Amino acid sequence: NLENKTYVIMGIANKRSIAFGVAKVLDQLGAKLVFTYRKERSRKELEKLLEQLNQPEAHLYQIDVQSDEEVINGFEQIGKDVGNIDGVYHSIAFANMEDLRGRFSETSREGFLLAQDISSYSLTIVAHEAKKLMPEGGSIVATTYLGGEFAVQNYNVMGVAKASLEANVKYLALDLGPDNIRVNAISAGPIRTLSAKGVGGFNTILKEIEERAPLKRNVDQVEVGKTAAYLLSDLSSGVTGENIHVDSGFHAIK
């Protein structure tokens, strides 16, 4: 399947991060990987995590997506360091924790814009710069949640950033299609991760999946990873602009 393919994975914080599910799958399929992190506070973290994978050597780059400069210099560095790439997995979002609770109508302007900034626009420059490393096409995948298509009870501002992300995926598919670059999203069902703790009611969400979703069980990081392997490889060559729900069928019921 995937020898000699190269992918940049963005947004591993620890062993439970969705991007680490993706990482493990692609690593198993023999790909080489490039990891980006926000903070040093998870850098030495990552080095430990990497002992678990079989990279011939480490590729770790600090990228805070709030900074145009870091994304540009980051991707230029990846260029000089590994050569051309075949894909990017975007696993990045954020919002202020007090926005992710209380009345959505109460959310501040800066809260709103901050969420859009990190969870949605980041995909955009990321794509633009990644494009530079993809002469003969490639594949970009971002992670969303159902809360981007429907109002969910504690997701508020992040819901609005997901709706924004989803459209961003469509508009980038259209724009980067002629360069043979496919842009897709995976709408994951709830998984227990570090960021999951910011979302209120997350426990009762977890249980509604088990009770009402068709498969009657929750998904996990490895499951999201296997769909990312599909989206990033040539198995999905006909596929762009799409939003694939890895959520035990929850999106289909009501």
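Position 1 is the first residue in the sequence shown; the rest follow in order.
Enquirer: 130-138 versus 86-94: which one carries the higher mean Cα B factor per the record?
Expert: It is 130-138 that shows the higher mean C-alpha B-factor.
Enquirer: Which is higher on average in the deposited entry, the C-alpha temperature factors of 140-148 or of 118-126?
Expert: The entry gives the higher C-alpha B-factor average to 118-126.
Enquirer: Checking the record values for 226, 207, 43, 216, which has the greatest CA B factor?
Expert: It is 43.
Enquirer: Report the third (lowest, middle or highest) to which the CA temperature factor of residue 180 belongs, ranking only the modelled residues of the same chain.
Expert: Within its chain, residue 180 is a highest-third residue by C-alpha B-factor, going by the deposited values.
Enquirer: Tell me, lowest, middle or highest third: where does the Cα B factor of residue 56 rank within its chain?
Expert: For residue 56, the deposited C-alpha B-factor lands in the highest third.
Enquirer: Thinking about Cα B factors across the chain, which third does residue 113 belong to?
Expert: Middle third of the chain for residue 113's C-alpha B-factor.
Enquirer: By its CA B factor, does residue 199 count among the lowest, middle or highest third of the modelled residues in the chain?
Expert: Ranked within chain, residue 199 CA B lands in the middle tercile.
Enquirer: Would the CA B-factor of residue 155 place it in the lowest, middle or highest third of its chain?
Expert: It falls in the bottom third of the chain.
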